[PDB]
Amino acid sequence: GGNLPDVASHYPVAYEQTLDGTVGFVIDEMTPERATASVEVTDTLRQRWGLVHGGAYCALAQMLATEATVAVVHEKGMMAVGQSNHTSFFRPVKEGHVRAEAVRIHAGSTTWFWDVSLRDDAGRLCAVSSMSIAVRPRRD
């Protein structure tokens, strides 16, 4: 579901039940250095003024950047979790899709850093989100 990296035999929460399944995030491409994902805008993505919620751009960036890290480190016995997210909002999105492209810009032993651009259907850059992903050894 959502085409998230398949790194474990089971997961605590089914895709369709998570925030990500609820709003409809879907991953398209995914490599160690770059990953893309998108979502259809519907009310569930919007806030009361009719624009895509700022939290939705943060949430798509976070899932994409974290899972793109999980895709690499999980089989190395590590876990990956968001430690910091900085999002800037340049243009509202009223409808259509949001498309996210994540580029890896640093991969340290304790911290990976991704830049995520969020664009509307015309290709305009509506938001960007910088994420720092902590990598730590798994607890079992």
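Numbers follow the displayed sequence, beginning with 1.
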Note to self: Quick check on the record: does 49 to 57 or 27 to 35 carry the larger mean Cα temperature factor?
What the structure shows: 27 to 35
Next item on the list: Would you mind comparing 108 to 116 and 70 to 78 for me and telling me which has the higher average C-alpha temperature factor in the entry?
Entry: 70 to 78
Checklist line | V135 - which third its CA temperature factor falls in, relative to the rest of the chain | finding: middle
Margin query: Lowest, middle or highest third: which one holds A122 when the chain's residues are ordered by CA B-factor from the entry?
Written below: highest
